[PDB]
């Protein structure tokens, strides 16, 4: 049915991958429509499906949603992964915008000139070890629960675990002094819908 969400993006991770993780974790089946030529982009534009002429775009519930955060916020709410009230959403939002800030740096490394790259990567790795991983370890340490917010699965656990996988590609030792994050990574990775999303053949896009 026109009821499987359709994700429109290039055939890469890029700015669609966190949506791909969130839907998989919510157990939602979806289709992908890949931009592989200028004509794929022109057709979406001409059909009037791109509010600001840009992808990501997700067809969902009769809507043509653009802007990653709008897409993510809607999916999270629809599948009850956005906390139970305004205060839980503020915690989730705080946490995931920190994650998004870090992801944005990693995502913007290739734009750097060939020589800037390593110096900029080294600073990212330092922020992971000294700023971001301590902040999230502290959240889990302080309430003792198996999830970041509300004592249940939320998009914050899913976005964080996604980031732990990307950080592993940078330096597999960055998580080593953070046992609670390692346990979170394992716990979330073993959830049936996520485990299915992580074995080969599933959607999940490569680096």
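Numbering follows the first chain given and starts at 1.
Margin query: Comparing average C-alpha B factors as deposited, tell me which of 193-201 and 17-25 sits higher.
Written below: The stretch with the larger average C-alpha B-factor is 193-201.
Next item on the list: Using the B-factors recorded in the PDB entry, average over the C-alpha atoms of 150-158 and of 55-63, then report which stretch comes out higher.
Entry: Between 150-158 and 55-63, it is 55-63.
Note to self: Comparing recorded Cα B-factors across 108, 75, 128, 92, which one is largest?
What the structure shows: Each of 108, 75, 128, 92 was compared by C-alpha B-factor; the highest is 108.
Next item on the list: For the C-alpha B-factor as written in the entry, point me to the maximum among 182, 69, 33, 143.
Entry: Each of 182, 69, 33, 143 was compared by C-alpha B-factor; the highest is 33.
Item checked: Chain-wide C-alpha B factor ranking for residue 49, given as lowest, middle or highest third -> Within its chain, residue 49 is a highest-third residue by C-alpha B-factor, going by the deposited values.
Margin query: Is residue 112 in the lowest, middle or highest third of its chain when residues are ranked by C-alpha B-factor?
Written below: Highest third of the chain for residue 112's C-alpha B-factor.
Margin query: For the chain shown, is the CA B-factor of residue 118 in the lowest, middle or highest third of its modelled residues?
Written below: Its C-alpha B-factor belongs to the highest third of this chain's values.
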